[PDB]
């Protein structure tokens, strides 16, 4: 049985393609449904082809899906761009007649529903309301809750007047009549309204900004870069309310430098950037490792290399996150999967930075940045907050004192009798420069054993599927994880002996836990959106698994059918 419906709407930006997608999401959310959206803006700021795809279901959603079930074209270019995907069995709504095109030979089996969208908008002497007519048409044909749909438009258009709201509502049911006038033959219906669960809708980047605030953020320093600038916008808006500060530095080096300055002063600090920014922060992240200063860097991964594809999808910064520092300069690297992790794991990042006095890197991606989801409404007391180990005042203070857990207690400025230095030079217990052989071996073992000890406290590598021996094991990271969840729903439903593992702690990696997984797997498939198979590289180097890399690098994420098809070939 099909419980979800995938609706893709496309057209010229400015005709309300993005807003119409958000309204459908809010309507299904008010009706107690799970929503998973994904949008693309036009490739140029001046205008062009915009695309929004909303997925509503009665059960949990984990990715975008294989392809759309319902497509809605506002003009001819939207049709030609998606013509390859308008396959038999799918519903097709388009702007006809009155539009700027007549559809080609519609393949036999395609449920076509021509709706004069531009005509009814022109008949009302207001082309601005073209997107409202499609909302009424899609609400009728595929059972979108009209009461919640008109409520979302009321909350948005009520502040302009009573005649502004009543006019757009008239365009809605005008398209509702054009729709119900046609013969509904498609088997596609949005699940019926359930009890509205206590949830919220949030985009991934906004979730990172919230996760920082809920995690005790006090200082944020940013420099704009696509697709991570949104995080600074959320933090610049809301963090000043909570007594914190955001500063827009002159570049990424200055931004991460300011983070260390505020972290040495005792404040929880972080920054957000993308690929090119992380590569500029490499030298300062090594300083963070050497001086043992806590700091958080969220890298919303975009396409590379170099300037690359700033707006496309790619998870290719794992080589840089782990080996990006000169000398032996390790980092704590995490990678989120959904909007949920963008809040919890940004909290976890600040905590692990506080707990281990080390640079922490949180890997996101460009899709997850803009994708909006329905997540359980968060409460500030739901999250564990960790703070840096503070000196008890007893004895004589040493900033880099050798302890049993290698974590030297910290002291913010102003603490009496705790004057110390944080330094980038190799040093002794008091922070003084020390070039001796035995001290370098001693301090490397202090800082490495300290950071490696995260494996004894942070465990985020879920396993689902069959419990016994499996024909094929699947290991993936990032937002590809959610794609493999839905792929595992289908593979297990056919009774295949497959299991999956979803690492979210990337470095250091629990080598022993990897071997425990790959021991019960005849073959291991590692799907990731990067050219070199970067996670597969660290699996061959550190564990005993010999994996099978399933690598794509075209600026697009995986779909569940791609994963399912790849597994069945290796089952044999």
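Numbering follows the first chain given and starts at 1.
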Discussion item. Averaging CA B factors per stretch from the PDB record, which one is higher: 272 to 280 or 459 to 467?
Written reply: 459 to 467
Discussion item. Comparing average C-alpha B factors as deposited, tell me which of 523 to 531 and 27 to 35 sits higher.
Written reply: 27 to 35
Item to complete: Compare the CA B factors listed in the entry for 472, 318, 247, 362 and report the winner.
Response: 472
Worksheet entry | Selection by C-alpha B-factor (highest) of 204, 366, 327, 395 | 395
Fill in: residue 195, C-alpha B-factor rank within chain (lowest, middle or highest third)
highest
Fill in: Relative C-alpha B-factor of residue 308, binned into the chain's lowest, middle or highest third
lowest
Worksheet entry | Chain-wide C-alpha B factor ranking for residue 107, given as lowest, middle or highest third | highest
Practice prompt. Determine, from the deposited record, the chain-internal third of the Cα B-factor for residue 14: lowest, middle or highest.
Written response: highest
Discussion item. Based on the deposited C-alpha B factors for this chain, I'd like to know if residue 47 is in the lowest, middle or highest third.
Written reply: lowest
